[PDB]
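Step one of this worksheet: look at the structure below.
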Amino acid sequence: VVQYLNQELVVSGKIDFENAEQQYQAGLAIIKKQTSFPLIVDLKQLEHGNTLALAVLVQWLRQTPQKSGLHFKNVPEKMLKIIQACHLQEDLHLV
Amino acid sequence: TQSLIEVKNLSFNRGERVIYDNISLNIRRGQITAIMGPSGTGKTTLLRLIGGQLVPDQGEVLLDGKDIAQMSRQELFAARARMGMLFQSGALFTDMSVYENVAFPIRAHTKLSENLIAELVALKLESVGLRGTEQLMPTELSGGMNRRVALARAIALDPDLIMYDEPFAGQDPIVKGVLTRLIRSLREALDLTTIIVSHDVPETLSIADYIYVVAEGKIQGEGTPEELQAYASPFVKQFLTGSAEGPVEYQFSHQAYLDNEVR
Amino acid sequence: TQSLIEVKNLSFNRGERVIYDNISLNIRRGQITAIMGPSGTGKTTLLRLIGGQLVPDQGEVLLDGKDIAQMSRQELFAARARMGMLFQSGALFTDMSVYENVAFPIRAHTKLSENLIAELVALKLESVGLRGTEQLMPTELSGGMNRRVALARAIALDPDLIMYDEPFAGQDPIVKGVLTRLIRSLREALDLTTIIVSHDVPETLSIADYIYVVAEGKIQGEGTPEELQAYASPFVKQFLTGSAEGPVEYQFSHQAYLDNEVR
Amino acid sequence: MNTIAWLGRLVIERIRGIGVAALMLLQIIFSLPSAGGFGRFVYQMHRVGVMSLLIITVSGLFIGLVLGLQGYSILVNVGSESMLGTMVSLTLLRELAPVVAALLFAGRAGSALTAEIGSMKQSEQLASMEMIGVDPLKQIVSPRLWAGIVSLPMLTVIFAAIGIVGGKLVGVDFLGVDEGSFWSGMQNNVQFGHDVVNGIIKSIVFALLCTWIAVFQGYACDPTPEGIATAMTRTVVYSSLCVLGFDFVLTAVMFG
Amino acid sequence: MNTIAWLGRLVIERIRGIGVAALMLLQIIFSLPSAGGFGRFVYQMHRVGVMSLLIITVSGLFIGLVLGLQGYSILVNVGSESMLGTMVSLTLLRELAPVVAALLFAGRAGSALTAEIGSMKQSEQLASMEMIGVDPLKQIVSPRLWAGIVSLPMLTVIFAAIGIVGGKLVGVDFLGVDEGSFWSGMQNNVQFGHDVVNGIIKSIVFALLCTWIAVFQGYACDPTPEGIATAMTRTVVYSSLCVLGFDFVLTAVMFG
Ligand SMILES: CCCCCC/C=C/CCCCCCCCCC(=O)O[C@H](COC(=O)CCCCCCCCCCCCCCC)COP(=O)(O)OC[C@@H](O)CO
Ligand SMILES: CCCCCC/C=C/CCCCCCCCCC(=O)O[C@H](COC(=O)CCCCCCCCCCCCCCC)COP(=O)(O)OC[C@@H](O)CO
Ligand SMILES: CCCCCC/C=C\CCCCCCCCCC(=O)O[C@H](COC(=O)CCCCCCCCCCCCCCC)COP(=O)(O)OC[C@@H](O)CO
Ligand SMILES: CCCCCC/C=C\CCCCCCCCCC(=O)O[C@H](COC(=O)CCCCCCCCCCCCCCC)COP(=O)(O)OC[C@@H](O)CO
Ligand SMILES: CCCCCC/C=C\CCCCCCCCCC(=O)O[C@H](COC(=O)CCCCCCCCCCCCCCC)COP(=O)(O)OC[C@@H](O)CO
Ligand SMILES: CCCCCC/C=C\CCCCCCCCCC(=O)O[C@H](COC(=O)CCCCCCCCCCCCCCC)COP(=O)(O)OC[C@@H](O)CO
């Protein structure tokens with residue numbers, strides 16, 4: 001209900017600073033043991049992404065090969081409104 | 001026309017001065033609602049009643065059906081986590097730097113780690129346009145930028161209602177220009193519901209969607225900025241134009257000047 | 001183009017802050033001259049130099065050829081009988097009442113009888129529109145009417161130069177409307193020469209005849225309000241309109257946000 | 001009876017003002033402590049206590065110089081110049097060091113507390129803190145109250161110590177009384193529990209009154225630039241009348 | 001040496017501030033009188049003098065009550081309870097009535113003078129009066145200076161009179177000393193020229209210092225709402241250090 005591994009991690013559920021500490025920590029444990037880092041995060045099944053779902057995504061980007069090493073799948077149309085609102089419209093990688 | 005805040009028949013008084021005699025307002029969701037009026041009145045006292053700092057005398061203010069006056073200490077603390085308010089001077093806490101001003105409402109409604117608080121503050125400050133200014137004091141901030149730090153603090157918990165009182169005042173057209181781009185942009189990016197209490201007519205009508213005009217105790221006109229002027233009372237005209245014809249008097253009372261002995 | 005006040009190459013400083021680096025201004029007679037600019041600067045410090053309260057550091061201000069800095073105590077006292085100044089708050093002497101506020105500059109430059117002073121005050125107060133209000137204090141005067149008592153005091157000696165600093169600010173369009181009818185009417189009735197120091201662009205261009213724009217130390221543009229916009233620099237544009245394109249920066253400095261360690 | 005009605009309306013609003021300030025004090029001292037509240041108290045010990053250290057030190061030295069100069073002129077005519085250290089130390093410890101150090105605390109550290117809280121009310125930082133969901137009585141008012149109750153009894157002990165050092169300097173080192181008789185007459189007649197501790201009990205009562213008045217007048221201010229300045233001269237007048245009024249009551253119990 | 005440079009820059013601006021206040025005083029007292037200037041002085045005797053009459057009267061009574069209660073306990077053990085009126089009147093007339101009445105004048109009437117002149121500077125009534133052609137040093141500042149030099153020596157005489165009446169009330173009427181020996185011992189040892197006039201000469205020196213500081217800090221203020229409040233606590237600190245500092249110098253001359 002939060003995230004699995006599934007050969008590239010599927011962020012699911014909802015991040016609203018009452019559970020938003022293990023969802024950063026459990027997702028970080030995948031980043032510890034990943035090899036070569038081409039993995040793409042699947043922002044498929046969120047529904048209330050608001051500036052804190054983004055706050056745990058940038059925290060995963062800082063602990064990665066280089067300063068990037070991370071891609072993203074299709075965005076639920078509420079979260080990439082906040083990507084360009086925070087001028088990160090061309091700083092991450094979206095396929 | 002689903003209304004978030006809905007006011008019904010309230011009355012306030014401040015030293016036997018009538019403010020809001022008998023007035024009903026509907027604040028619809030996802031829309032800018034402006035409350036214009038002449039100055040010297042208590043125009044900003046509605047935002048003190050919505051957030052809850054003063055108590056009305058014969059009225060009830062409904063936040064999604066729940067009254068704010070009849071509301072305990074753990075419902076009022078949870079209601080205030082859905083509201084932000086930017087005061088006119090941008091009421092920044094002096095001693096606290098720009099980082100712990102923005103992080104003040106976060107640390108009041110959270111138990112968050114230090115590394116995620118420093119990422120929320122860096123994203124709120126940069127969405128306003130103030131990324132590099134985090135460690136310096138509120139003094140020496142070039143006061144048109146004090147109202148931009150105070151907008152990041154008023155938005156940090158990602159609310160659903162934000163209240164501005166007089167954002168358009170004696171400001172530069174450059175400084176007034178940055179705020180009008182920020183008020184429209186931040187409410188599509190976050191799906192907010194804004195209330196603006198001002199009396200800057202050429203700037204408010206170009207940003208609002210439903211204007212109320214409150215002269216002395218009641219609504220003198222309401223509607224879309226297209227239909228407010230067309231169905232205008234003979235007060236809304238003078239106010240929205242500044243002409244000599246209307247109910248307010250330019251002379252003191254009435255005389256002929258050759259009727260009093262001077263000395 | 002006969003100039004009453006004529007400024008030539010002055011420089012002022014206030015705590016190592018540059019105000020008026022090297023600037024020359026011509027105040028022609030019988031015409032409204034506006035000095036617009038961004039706020040936070042020392043825009044009102046020119047009117048303190050014309051009337052004579054501060055001293056410039058490398059400059060001379062010429063009142064009809066005579067310099068005000070090199071001027072003795074009986075020429076400066078006689079020069080100030082030709083000038084009036086309305087401050088922004090309308091600096092009325094508290095304990096004094098509406099009658100002895102207006103009669104204060106009369107009793108300083110006259111030896112007049114009591115029955116003619118009470119006729120000058122009754123004609124000055126009524127030419128503004130305040131005939132019946134003579135015996136009551138400055139407190140409880142409904143502060144948009146404080147600036148009308150202070151306009152009668154600033155005009156009582158019938159001067160030839162009157163200086164307003166920020167008459168258009170956070171005011172109602174009704175209160176701002178009375179002043180714009182009074183600024184035009186009083187200078188045809190008395191043949192004055194006005195200087196307005198403001199930053200209210202839509203109101204100033206409709207009342208002025210020669211606008212100077214002073215950004216940081218010098219003129220960025222001058223002329224008739226028709227020709228100021230047509231020959232506009234890429235500062236008078238942003239300023240005159242409030243757009244995003246120009247020399248002033250909306251971002252703090254320059255970064256990419258993925259270049260700093262946060263914490 | 002136009003001013004008689006104005007006089008009666010004046011003293012009713014002052015009686016009602018004591019009722020608001022009493023309920024404000026019971027809401028501060030009867031509440032649970034919270035997170036990060038000790039560090040706010042140590043910051044306000046710097047603003048109230050350490051900032052007042054220079055007026056208190058120099059004023060205590062100047063008062064001890066006058067006591068040793070005046071007290072020598074009395075005692076030398078009755079053959080009791082050896083009792084100079086007894087009368088210098090007992091005048092400070094039971095009368096002058098609790099009272100004069102509370103009149104300089106009400107002027108410097110009392111009038112600066114009602115200007116800091118009052119300008120937070122004018123610039124609407126107290127209304128902005130309340131609508132966030134933080135009580136300003138706990139965040140702002142409560143560290144400032146406890147820092148004044150601790151700092152004034154710590155400052156009358158420094159007041160009395162330099163007053164005795166200043167009185168020894170004019171008496172022994174300039175007027176020429178015996179040094180061994182200065183300290184031995186003092187160690188014989190001055191008790192610790194009856195003279196030193198009774199001076200600390202006075203300055204704790206004065207520190208509660210001088211700080212509760214200074215904190216109330218800034219909170220219940222009039223947020224207007226000459227409504228703040230009217231409040232700052234009310235904390236100097238009301239604290240000085242309460243210090244001199246409670247001083248007669250405490251000496252009639254302790255030394256009567 | 002970053003704060004050492006800040007400390008040296010601080011005491012240079014304070015030395016330069018005494019130079020501006022000295023030239024400001026010589027411009028007031030060496031000038032010709034003008035028209036309507038006596039009526040402005042009688043109005044400021046109401047604001048400075050009559051407004052301070054209630055704090056001075058009640059504080060003088062409370063201090064005389066403590067002096068008659070403490071002075072009875074000393075004198076009764078050496079068989080000299082008839083010298084109670086001598087020590088009560090001579091403690092007030094030469095020490096306490098010049099000094100304590102100047103510490104309450106600096107707090108009430110001194111800090112209210114620097115708030116009234118300072119809010120005229122903020123609201124630009126001083127700049128508007130100057131551009132009309134009237135010197136504000138003569139119209140505004142000069143009636144307020146002379147009303148404080150006259151009102152403080154008139155208020156220490158009322159302070160000393162109720163202190164003796166308050167000390168007679170606890171000594172004679174409650175502790176039971178002889179009434180005829182109270183006044184006869186006082187009329188024998190208290191002289192008019194050496195004890196009463198020397199207390200008035202003290203309070204004229206204190207009234208000049210307490211009013212020149214209070215008037216200067218409002219004129220050379222910082223017209224900003226917490227630049228006025230910083231100035232009001234500077235007139236209470238600087239006047240209290242000057243009152244206690246000049247008190248040692250004046251007793252070493254008069255009674256040394
Ligand atoms: C002949 C006898 C010789 C004396 C023998 C004593 C020997 C010396 C040893 C010890 C000294 C004892 C002297 C009495 C002590 C005075 C006690 C007192 O005066 O009590 C004070 C009351 O003060 C206030 O209300 C102002 C109210 C004052 C009225 C209080 C009435 C006091 C009555 C009870 C005291 C018993 C006195 C015992 C002495 C005989 C309280 O002081 P604090 O603890 O700081 O409380 C802090 C305050 O903020 C309260 O919250
Ligand atoms: C053994 C002798 C016993 C004494 C016998 C005297 C008998 C009693 C009779 C009369 C009392 C005389 C006692 C001395 C009087 C002190 C004079 C004094 O102290 O002079 C004061 C100086 O004060 C200031 O500067 C503060 C500066 C103080 C330093 C001044 C030095 C004074 C030196 C001359 C005084 C001669 C003393 C004569 C006494 C022997 C001036 O006081 P004012 O007139 O109010 O001036 C108003 C001020 O604002 C100045 O503008
Ligand atoms: C006889 C019984 C004891 C005498 C007292 C009698 C008075 C009645 C009882 C008082 C004690 C009751 C306990 C409750 C105290 C309530 C005050 C309080 O609890 O204040 C606290 C401050 O910490 C604080 O104790 C301030 C922190 C400590 C202050 C005191 C420090 C003591 C150190 C000096 C002690 C002297 C001992 C030295 C002896 C030589 C909490 O304030 P905040 O955290 O900022 O709130 C902020 C948030 O809520 C929202 O932002
Ligand atoms: C046995 C007997 C027991 C006795 C025990 C000993 C008694 C105590 C002994 C000594 C106590 C000395 C008092 C020290 C005062 C410390 C004050 C202090 O330390 O305060 C400082 C400022 O003091 C300031 O104004 C600078 C303050 C003014 C500077 C003073 C200038 C006057 C002196 C110069 C003139 C010389 C005197 C003339 C002599 C002929 C702090 O600076 P701020 O910028 O305000 O705050 C900074 C904060 O934000 C963070 O740091
Ligand atoms: C030893 C010599 C004398 C001691 C003094 C020593 C000090 C140095 C000399 C001082 C005297 C010099 C004379 C010049 C005085 C300059 C002050 C002055 O002249 O002030 C005047 C005020 O009147 C005024 O005297 C104020 C009006 C009178 C004030 C005093 C009133 C005296 C009443 C009490 C006297 C006590 C006597 C009682 C004895 C029991 C003029 O002010 P304004 O009219 O408002 O100006 C306004 C216009 O300019 C523009 O608007
Ligand atoms: C031989 C011995 C010699 C001794 C000689 C005698 C000594 C003097 C004796 C008496 C002196 C009494 C003092 C009188 C004080 C007069 C003050 C005054 O008269 O001031 C008035 C206001 O006082 C005000 O605040 C009202 C002030 C507060 C009112 C007081 C309320 C406290 C009292 C009520 C509580 C009772 C006390 C408790 C007892 C158990 C003036 O009013 P304002 O509106 O401000 O100004 C109006 C102006 O614009 C024009 O008029």
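All residue names refer to the structure tokens as shown: chains lettered A, B, ... in order, residues numbered from 1 in each chain, ligands numbered from 1 in order.
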
12 Å shell around ligand 6 using only C-alpha atoms and all ligand atoms, listed as a ChimeraX atom specification: /C:95 /D:2-15,234,237-238,241,245 /E:42-61,154-169

Can you pull out every residue within 6 Å of region 67-83 of chain C, counting only C-alpha atoms, but drop anything in the same chain fewer than 4 positions away, and send it as a list in words? residues 61, 62, 159, 160, 161 and 162 of chain C; 133 of chain E

Residues within 8 Å of ligand 5, counting only C-alpha atoms and all ligand atoms: report them as a list in words. residues 28, 29, 30, 31, 32, 33, 34, 35, 36, 37, 38, 40, 41, 134, 135, 136, 137, 138, 139, 140, 142, 143, 146, 147 and 150 of chain E

Show me which bits of chain A are within 7 Å of chain B, counting only C-alpha atoms, as a PyMOL selection string. chain A and resi 17+52+55+81-82+85-86

Would you please give, as number ranges by chain, all residues of region 132-226 of chain C that DSSP assigns to helix (DSSP H, G or I) based on the backbone? C: 146-153, 175-189, 201-204

Save out the residues we just selected, C-alpha atoms, as a compact mmCIF listing (two decimals), in the first residue's frame.
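What ended up in selection22.txt:
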```txt
# COMPACT_ATOMS: atom_id res chain seq x y z
CA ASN C 146 -6.83 65.08 7.96
CA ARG C 147 -5.18 65.48 4.57
CA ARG C 148 -7.67 68.20 3.67
CA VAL C 149 -7.02 70.33 6.75
CA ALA C 150 -3.31 69.93 6.03
CA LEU C 151 -3.89 71.14 2.48
CA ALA C 152 -5.47 74.34 3.77
CA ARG C 153 -2.49 74.97 6.04
CA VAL C 175 -10.69 59.65 -1.21
CA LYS C 176 -8.20 59.53 -4.08
CA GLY C 177 -10.90 61.06 -6.25
CA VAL C 178 -11.39 64.16 -4.10
CA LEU C 179 -7.66 64.91 -4.12
CA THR C 180 -7.34 64.67 -7.90
CA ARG C 181 -10.17 67.16 -8.31
CA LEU C 182 -8.50 69.40 -5.72
CA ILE C 183 -4.98 69.29 -7.17
CA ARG C 184 -6.15 70.44 -10.60
CA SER C 185 -8.65 73.01 -9.33
CA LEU C 186 -6.41 74.75 -6.81
CA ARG C 187 -3.60 75.34 -9.30
CA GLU C 188 -5.75 77.11 -11.84
CA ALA C 189 -7.45 79.18 -9.15
CA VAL C 201 1.40 55.03 -12.18
CA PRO C 202 -2.25 55.00 -13.44
CA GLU C 203 -3.10 58.12 -11.42
CA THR C 204 0.08 60.13 -11.96
```

Name the residues in contact with region 101-112 of chain E at a cut-off of 6 Å, using only C-alpha atoms, excluding same-chain residues fewer than 2 positions from it; report them as a PDB file with N, CA, C and O atoms, in the first residue's frame.
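Full text of part-v4.pdb as output:
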```pdb
ATOM      1  N   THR D 233       5.235  53.749  30.168  1.00  0.00           N
ATOM      2  CA  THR D 233       5.294  54.563  31.370  1.00  0.00           C
ATOM      3  C   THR D 233       4.287  54.123  32.407  1.00  0.00           C
ATOM      4  O   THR D 233       4.261  54.695  33.492  1.00  0.00           O
ATOM      5  N   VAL D 236       6.427  51.612  34.681  1.00  0.00           N
ATOM      6  CA  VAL D 236       7.383  52.214  35.596  1.00  0.00           C
ATOM      7  C   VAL D 236       6.661  52.831  36.781  1.00  0.00           C
ATOM      8  O   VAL D 236       7.170  52.813  37.903  1.00  0.00           O
TER       9      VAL D 236
ATOM     10  N   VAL E  48       3.959  67.990  33.004  1.00  0.00           N
ATOM     11  CA  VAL E  48       5.120  67.457  33.703  1.00  0.00           C
ATOM     12  C   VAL E  48       4.922  67.488  35.209  1.00  0.00           C
ATOM     13  O   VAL E  48       5.160  66.498  35.900  1.00  0.00           O
ATOM     14  N   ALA E  97      15.043  62.329  49.897  1.00  0.00           N
ATOM     15  CA  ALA E  97      14.086  63.098  49.115  1.00  0.00           C
ATOM     16  C   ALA E  97      14.672  63.701  47.838  1.00  0.00           C
ATOM     17  O   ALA E  97      13.938  63.776  46.854  1.00  0.00           O
ATOM     18  N   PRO E  98      15.935  64.156  47.768  1.00  0.00           N
ATOM     19  CA  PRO E  98      16.459  64.503  46.444  1.00  0.00           C
ATOM     20  C   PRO E  98      16.642  63.322  45.512  1.00  0.00           C
ATOM     21  O   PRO E  98      16.450  63.481  44.303  1.00  0.00           O
ATOM     22  N   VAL E  99      16.987  62.146  46.020  1.00  0.00           N
ATOM     23  CA  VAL E  99      17.411  61.044  45.163  1.00  0.00           C
ATOM     24  C   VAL E  99      16.234  60.197  44.711  1.00  0.00           C
ATOM     25  O   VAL E  99      16.105  59.892  43.526  1.00  0.00           O
ATOM     26  N   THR E 114      10.182  62.074  26.320  1.00  0.00           N
ATOM     27  CA  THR E 114      10.877  61.532  25.167  1.00  0.00           C
ATOM     28  C   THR E 114       9.986  60.679  24.287  1.00  0.00           C
ATOM     29  O   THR E 114      10.438  60.221  23.237  1.00  0.00           O
ATOM     30  N   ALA E 115       8.750  60.436  24.695  1.00  0.00           N
ATOM     31  CA  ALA E 115       7.773  59.788  23.841  1.00  0.00           C
ATOM     32  C   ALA E 115       6.911  60.794  23.113  1.00  0.00           C
ATOM     33  O   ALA E 115       6.445  60.517  22.008  1.00  0.00           O
ATOM     34  N   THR E 156      10.219  67.656  45.272  1.00  0.00           N
ATOM     35  CA  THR E 156      10.943  67.064  46.390  1.00  0.00           C
ATOM     36  C   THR E 156      10.636  67.752  47.705  1.00  0.00           C
ATOM     37  O   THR E 156      10.859  67.159  48.760  1.00  0.00           O
ATOM     38  N   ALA E 214      16.144  63.670  28.787  1.00  0.00           N
ATOM     39  CA  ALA E 214      14.838  63.269  28.273  1.00  0.00           C
ATOM     40  C   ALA E 214      14.442  64.046  27.031  1.00  0.00           C
ATOM     41  O   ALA E 214      13.782  63.504  26.148  1.00  0.00           O
ATOM     42  N   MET E 232      13.172  55.584  24.879  1.00  0.00           N
ATOM     43  CA  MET E 232      12.511  55.792  26.158  1.00  0.00           C
ATOM     44  C   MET E 232      13.209  55.049  27.280  1.00  0.00           C
ATOM     45  O   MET E 232      13.190  55.507  28.421  1.00  0.00           O
ATOM     46  N   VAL E 236      15.724  56.477  31.003  1.00  0.00           N
ATOM     47  CA  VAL E 236      15.604  55.989  32.368  1.00  0.00           C
ATOM     48  C   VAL E 236      16.940  55.461  32.860  1.00  0.00           C
ATOM     49  O   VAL E 236      17.270  55.597  34.039  1.00  0.00           O
TER      50      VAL E 236
END
```

May I ask you to write as a VMD selection string all residues lying at most 9 Å from ligand 2, with only C-alpha atoms and all ligand atoms counted? chain E and resid 149 193 to 195 197 to 198 200 to 209 246 to 247 249 to 251 253 to 256

Selection from above, N, CA, C and O atoms, as a CSV table (one decimal), in the first residue's frame, can you write it?
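Heads up, here's the output in again.csv:
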```
chain,number,residue,atom,x,y,z
E,149,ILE,N,12.7,71.8,34.9
E,149,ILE,CA,13.6,72.4,35.9
E,149,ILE,C,12.9,73.0,37.0
E,149,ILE,O,13.4,73.1,38.1
E,193,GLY,N,19.4,76.7,56.4
E,193,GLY,CA,20.3,77.0,55.4
E,193,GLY,C,21.2,75.8,55.0
E,193,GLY,O,21.6,75.6,53.9
E,194,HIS,N,21.5,75.0,56.0
E,194,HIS,CA,22.4,73.9,55.8
E,194,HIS,C,21.7,72.6,55.5
E,194,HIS,O,22.3,71.7,54.9
E,195,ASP,N,20.5,72.4,55.9
E,195,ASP,CA,19.8,71.1,55.6
E,195,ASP,C,18.6,71.2,54.7
E,195,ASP,O,18.5,70.3,53.9
E,197,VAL,N,17.9,74.1,52.5
E,197,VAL,CA,18.3,74.7,51.2
E,197,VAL,C,19.3,73.8,50.5
E,197,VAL,O,19.4,73.8,49.3
E,198,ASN,N,20.2,73.1,51.2
E,198,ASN,CA,21.1,72.1,50.6
E,198,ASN,C,20.4,71.0,49.9
E,198,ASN,O,21.0,70.3,49.0
E,200,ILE,N,17.4,71.5,48.3
E,200,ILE,CA,16.9,72.1,47.1
E,200,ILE,C,18.0,72.3,46.1
E,200,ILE,O,17.7,72.2,44.9
E,201,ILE,N,19.2,72.6,46.5
E,201,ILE,CA,20.3,72.8,45.5
E,201,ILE,C,20.6,71.4,44.9
E,201,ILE,O,21.0,71.4,43.7
E,202,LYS,N,20.4,70.3,45.6
E,202,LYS,CA,20.6,69.0,44.9
E,202,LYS,C,19.6,68.8,43.9
E,202,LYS,O,19.9,68.3,42.8
E,203,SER,N,18.3,69.0,44.2
E,203,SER,CA,17.2,68.7,43.2
E,203,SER,C,17.2,69.7,42.0
E,203,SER,O,16.4,69.4,41.1
E,204,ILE,N,17.9,70.8,42.1
E,204,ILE,CA,18.0,71.6,40.9
E,204,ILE,C,19.0,71.1,39.9
E,204,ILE,O,18.8,71.1,38.7
E,205,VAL,N,20.1,70.5,40.5
E,205,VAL,CA,21.1,69.9,39.7
E,205,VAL,C,20.5,68.6,39.0
E,205,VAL,O,20.8,68.3,37.9
E,206,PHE,N,19.7,67.9,39.8
E,206,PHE,CA,19.1,66.6,39.2
E,206,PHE,C,18.0,66.9,38.2
E,206,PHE,O,17.9,66.2,37.3
E,207,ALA,N,17.3,68.0,38.3
E,207,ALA,CA,16.3,68.4,37.4
E,207,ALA,C,16.8,68.9,36.1
E,207,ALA,O,16.2,68.7,35.0
E,208,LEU,N,18.0,69.4,36.1
E,208,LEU,CA,18.7,69.8,34.8
E,208,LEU,C,19.1,68.6,34.1
E,208,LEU,O,19.0,68.5,32.9
E,209,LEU,N,19.7,67.6,34.8
E,209,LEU,CA,20.2,66.4,34.2
E,209,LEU,C,19.1,65.5,33.7
E,209,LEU,O,19.2,64.9,32.6
E,246,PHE,N,26.1,61.9,40.5
E,246,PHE,CA,26.2,63.3,41.1
E,246,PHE,C,25.8,63.4,42.5
E,246,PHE,O,26.0,64.5,43.1
E,247,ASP,N,25.2,62.4,43.1
E,247,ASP,CA,24.8,62.4,44.5
E,247,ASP,C,26.0,62.2,45.4
E,247,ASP,O,26.1,62.9,46.5
E,249,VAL,N,29.0,63.2,44.6
E,249,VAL,CA,29.9,64.4,44.5
E,249,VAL,C,29.3,65.5,45.3
E,249,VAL,O,30.0,66.3,46.0
E,250,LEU,N,28.0,65.6,45.4
E,250,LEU,CA,27.3,66.7,46.1
E,250,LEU,C,27.3,66.5,47.7
E,250,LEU,O,27.3,67.5,48.4
E,251,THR,N,27.3,65.2,48.1
E,251,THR,CA,27.4,65.1,49.6
E,251,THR,C,28.8,65.2,50.1
E,251,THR,O,29.0,65.6,51.3
E,253,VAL,N,30.8,67.4,49.1
E,253,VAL,CA,31.0,68.9,49.2
E,253,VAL,C,30.2,69.5,50.4
E,253,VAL,O,30.7,70.2,51.2
E,254,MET,N,28.9,69.1,50.4
E,254,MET,CA,28.0,69.8,51.3
E,254,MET,C,28.1,69.2,52.7
E,254,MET,O,28.2,69.9,53.7
E,255,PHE,N,28.2,67.9,52.9
E,255,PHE,CA,28.3,67.2,54.2
E,255,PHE,C,29.5,66.4,54.4
E,255,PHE,O,29.4,65.2,54.8
E,256,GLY,N,30.7,66.9,54.0
E,256,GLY,CA,31.9,66.2,54.2
E,256,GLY,C,33.1,67.0,54.7
E,256,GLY,O,32.9,68.2,55.0
```

Residue list for chain C near chain E as a PyMOL selection string, 9 Å, only C-alpha atoms: chain C and resi 48+51-53+76-78+80-81+83-87+89-94+104-105+108-109+154

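Between ligand 3 and the candidates B:107, B:236, B:228, B:22, the tightest atom-to-atom separation, counting only C-alpha atoms and all ligand atoms, involves B:107.
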
Considering only C-alpha atoms, return as a list in words whatever protein or nucleic-acid residues lie within 10 Å of residue 79 (chain A), sequence-local ones (same chain, fewer than 2 positions apart) excluded. residues 43, 46, 47, 48, 49, 50, 51, 53, 54, 75, 76, 77, 81, 82, 83, 84 and 85 of chain A; 189 and 190 of chain B
